[PDB]
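Notes follow the structure.
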Protein chains: 4
Amino acid sequence: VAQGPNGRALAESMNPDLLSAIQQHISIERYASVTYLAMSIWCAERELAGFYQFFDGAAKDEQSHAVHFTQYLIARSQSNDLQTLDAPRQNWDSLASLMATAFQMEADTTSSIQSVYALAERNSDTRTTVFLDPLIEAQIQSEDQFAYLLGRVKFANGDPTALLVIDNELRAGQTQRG
Amino acid sequence: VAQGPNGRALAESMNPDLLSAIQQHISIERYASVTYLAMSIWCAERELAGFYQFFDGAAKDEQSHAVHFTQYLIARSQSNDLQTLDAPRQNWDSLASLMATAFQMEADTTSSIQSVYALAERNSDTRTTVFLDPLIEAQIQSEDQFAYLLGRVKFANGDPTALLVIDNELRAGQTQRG
Amino acid sequence: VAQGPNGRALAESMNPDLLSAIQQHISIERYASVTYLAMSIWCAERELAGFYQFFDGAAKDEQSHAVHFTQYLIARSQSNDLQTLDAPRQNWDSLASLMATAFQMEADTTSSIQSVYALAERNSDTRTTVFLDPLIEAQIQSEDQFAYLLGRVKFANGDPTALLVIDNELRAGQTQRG
Amino acid sequence: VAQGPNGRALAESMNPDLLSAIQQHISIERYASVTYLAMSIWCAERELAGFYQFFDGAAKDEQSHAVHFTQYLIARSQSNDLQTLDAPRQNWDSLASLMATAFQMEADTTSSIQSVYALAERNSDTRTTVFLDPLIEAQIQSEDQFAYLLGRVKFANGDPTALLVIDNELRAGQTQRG
Ligand SMILES: [Cl-]
Ligand SMILES: [Cl-]
Ligand SMILES: [Cl-]
Ligand SMILES: [Cl-]
Ligand SMILES: [Fe+3]
Ligand SMILES: [Fe+3]
Ligand SMILES: [Fe+3]
Ligand SMILES: [Fe+3]
Ligand SMILES: [Fe+3]
Ligand SMILES: [Fe+3]
Ligand SMILES: [Fe+3]
Ligand SMILES: [Fe+3]
Ligand SMILES: [Fe+3]
Ligand SMILES: [Fe+3]
C-alpha cells in the first residue's frame, strides 16, 4: 500500500495540476464567503436587515463548501494548502450593483468548478468528476436563486419602498422562486 | 344491449355533432393548460414567483378539467379523439396584458361550454347539460377570480412596488376576493 | 452582468443547437404525457381499471418531467418555446400491443435525452449533463418498469383471466418488480 | 294559502300529467329494487357471493331512490300513489346475460327520469328539473358503473376462473373503474 502526499494510504495518485486546481478552488469558495460577509455588512449599514441575514447565512454556506473540498483532498490522501485570502470588495453604489456582484461571484464559482471538472476529465479522474457533479447541480440552483434576487431588486428600479418589501421577504426566508 | 362507438355498453346514443363539440372542447381545456404553463414561464422569467406558482397550479387544474371531460365521453360510451394542440401564446409586453389574455381565456372556455350546452339542449341530451352544470358554476367562480387578479394588477398601474405586493399575495395563496 | 435570451442574468451562454435540442425534448415529454392519456382511455374503454389508473398517473408524471425541463431553461436564462403537440396514437389491437408502444415510448424518451446529453458534452456544458444525469437514472428505472409490465402482459398470452389479475395488481399500485 | 292535493300548504300547483309521471317513476325505482333482489338471489344460488352482496346493496339503494321521490311529492304537497309492483325477472342463462339486464335496467331508469324531466320543462316546473338534476348526475355514474361490471364480465368470456376473480373484487367493494 502506497502512502499519498498527505501521509494517508493512497487509493489512486492525483495529477499535480489537478491538485493545484482544487486547492485554488478552495480559495474561491473562501473568497465567496468573505465577500458575502462584506455584502452582509454593507446591507446592515443601510438597515436592509433581510439582505443582511441572507448574506450572513450565505457566507457560512460558502465556508461549508470550502471545508467540503478540504475533506475531499483528505479522502484522496492529498495535501491541503490553505492560501492567503484576498480582501473582499466592500463598496457598492446601490443594492442592485451589489446583487450583480453577488450573481457574478456565483457564476465565477461555477466556472472555477467547471475548469477543475475539465482537468479531471483530461486525467480520467472519475472520482473527482463524481465528487464535483452534485456541486455543479447545487451551483445551478444557486445561480437560479441569485438571478432571482438580482432580477427582483432590478424590478424594484431603485424604489426604496419596493426594496423594503423585498428586504422583508428575505428576512422571512423567501429567497427563491419556490 | 347495444354497444356504443367506444365499444362499451351504450345507455343512450349521442348526436355526432354534440360528440365533436365535446371533443373540441377538450382541446380548449388542454389549450388553456398549455397557455397557463406559458404564462407561468413568462412570470418566472421576470422573478414574479407568486404569479409563476399561481399559473403553474392553474395549468394542472385545466388539464384535470380536460381529463374530466374525457371521463364523461367514456361514461357515455363515446370515442375520445385527442387532437393536435396548438402552441400557446408566449409573449406579452406587461403583466397587465398577460392577465387580460388569461381572463379572456377563461371567458372563452365558458363560451365553449355554453356552445356545447346549447347543442345538448337542441338534442334533448339531459345527461350532458347535467354534466356541464357544475362546470359552468366553476366557470363563474373562475371568471370572478381572474377578473379579481386582472383588476388588482391594473389597479397597480404598472408600479413594480405594487406588483411585488400582489406577487407575494399570490405566493401565499391569496388569489380570490375571499 | 450579461442578460440571457429570456431576459434573466446569464451565468453562462448556451449553444443554440443545444437549446433547440432541449426545447425539442420538452415536446417529447409532453407527447409521452398525451400518449399515456390516450392509453389510459383505451384501457378504461375496456374496463381495465388498473391499467387505466396506472396510465392516468403516468400521464401526469410525464407532464411533470416536461415542466422540470422548462424550469432548467429558466434557470439557465434561456427562452422556452412551447411547440405544437402532435395528436397521440389512440388505437391498439391488444393490451400487449399497447404495452409495446408504451415501452418504446420510454426507450425513445431516453434516446432523446441521450442525444441532448451528447450535444452538451460536445459543447462542454457540464451544467446540462449534471442536470440530465438523474433523469437518465430515472429512465433506467422507468425502462425496467415498463419492461416488467410489458413482459408480464405478454406472459399472460392473451388470457383475459390473467389480464384481470394483472389489472388488479396495477390498481393496487403493484407496478414494478419491487 | 291554498291546500295541495295531499292536504299540506301548496307552494305551487303541479300539472296532473307530471304528477302521474312521477308516481309512475317511483314504481320504476321500486321495480329496479326488486329486480336487483332477484339478481342477488340468482348470484347467491351460484355461489357468486361478491355479486350477491353487490346486488343486495343495489336493491336497498334503489328503494332509497324510490323513497327520495316520495319525499319530493310530499314537499310539493302532492299525493303519493304507491302502485302494484310487477314480479321481477328471475331467470338468466349466464352471469353475462344477467349483467346485460342490469345495465338495461339502469338505462331504462334514466330514460324514465328523462321523460319526467321533459314533461316538467313543458310545464315550466323548475322545482322538478332542479330536483331531478342530481338524480340524472347519479344515473351517469350508475350507467358508467354497470357498463364497467358488464364489460368486465364479458371480458371474462365465460371462464369460471375469471368470474371468481371478479366475484372477489365485488366482495371487496371494488365495483367501479375508480
Ligand atoms: Cl437598487
Ligand atoms: Cl403591468
Ligand atoms: Cl394482450
Ligand atoms: Cl358469463
Ligand atoms: Fe460555494
Ligand atoms: Fe456559492
Ligand atoms: Fe450524478
Ligand atoms: Fe377549464
Ligand atoms: Fe379555466
Ligand atoms: Fe345543478
Ligand atoms: Fe418523462
Ligand atoms: Fe417516461
Ligand atoms: Fe334508482
Ligand atoms: Fe339505478
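Identifiers in this document derive from the order of the C-alpha cells: chains are assigned A, B, ..., residues are numbered from 1 separately in each chain, and ligands are numbered from 1 in order of occurrence.
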inquiry  = From a backbone DSSP assignment, name each residue in chain A labelled helix (DSSP H, G or I), as a count of residues only.
reply    = 127
ask   = Neighbours of ligand 9 within 12 Å, counting only C-alpha atoms and all ligand atoms, as a VMD selection string?
value = chain B and resid 25 to 26 28 to 36 55 57 to 66 102 to 113 135 to 146
Residue 7 of chain C environment, 8 Å, only C-alpha atoms, sequence neighbours closer than 3 positions dropped, as a list in words =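 Once the adjacent positions are removed, what remains is residues 45 and 46 of chain B; 3, 4 and 77 of chain C.
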task = Kindly determine which residues of chain D lie within 9 Å of chain C, considering only C-alpha atoms, and give the answer as a list in words.
result = residues 147, 148, 149, 151, 152, 155, 156, 157, 159, 161, 162, 163, 165, 166, 169, 176, 177 and 178 of chain D
inquiry  = List as a list in words the protein and nucleic acid residues near residue 38 of chain D, meaning an atom at most 8 Å away when only C-alpha atoms are counted, but skip any in the same chain fewer than 6 places from it.
reply    =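 So the residues in contact are residues 88, 89 and 90 of chain D.
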Please list as a short mmCIF file (atom, residue, chain, number, x, y, z; two decimals) with C-alpha atoms, in the first residue's frame every residue within 8 Å of residue 72 of chain D, counting only C-alpha atoms and excluding residues in the same chain fewer than 4 positions away.
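What ended up in around-v2.cif:
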```
data_model
loop_
_atom_site.label_atom_id
_atom_site.label_comp_id
_atom_site.auth_asym_id
_atom_site.auth_seq_id
_atom_site.Cartn_x
_atom_site.Cartn_y
_atom_site.Cartn_z
CA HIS D 68 -86.45 10.03 -2.11
CA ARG D 76 -94.75 19.62 -3.26
CA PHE D 131 -84.93 18.08 -8.12
#
```
key: Test item: residues at most 10 Å from residue 24 of chain D, only C-alpha atoms, excluding those fewer than 4 positions along its chain, as a PyMOL selection string   = chain D and resi 18-20+28-29+81-83+112+116
Cut-off 9 Å: closest chain B/ligand 10 atom pairs per residue, using only C-alpha atoms and all ligand atoms, as a Markdown table:
```
| residue | atom | partner | partner_atom_place_in_ligand_line | distance |
| --- | --- | --- | --- | --- |
| B:129 | CA | ligand 10 | 1 (Fe) | 8.9 |
| B:130 | CA | ligand 10 | 1 (Fe) | 6.4 |
| B:131 | CA | ligand 10 | 1 (Fe) | 8.6 |
| B:132 | CA | ligand 10 | 1 (Fe) | 8.8 |
| B:133 | CA | ligand 10 | 1 (Fe) | 5.5 |
| B:134 | CA | ligand 10 | 1 (Fe) | 6.4 |
| B:137 | CA | ligand 10 | 1 (Fe) | 8.8 |
```
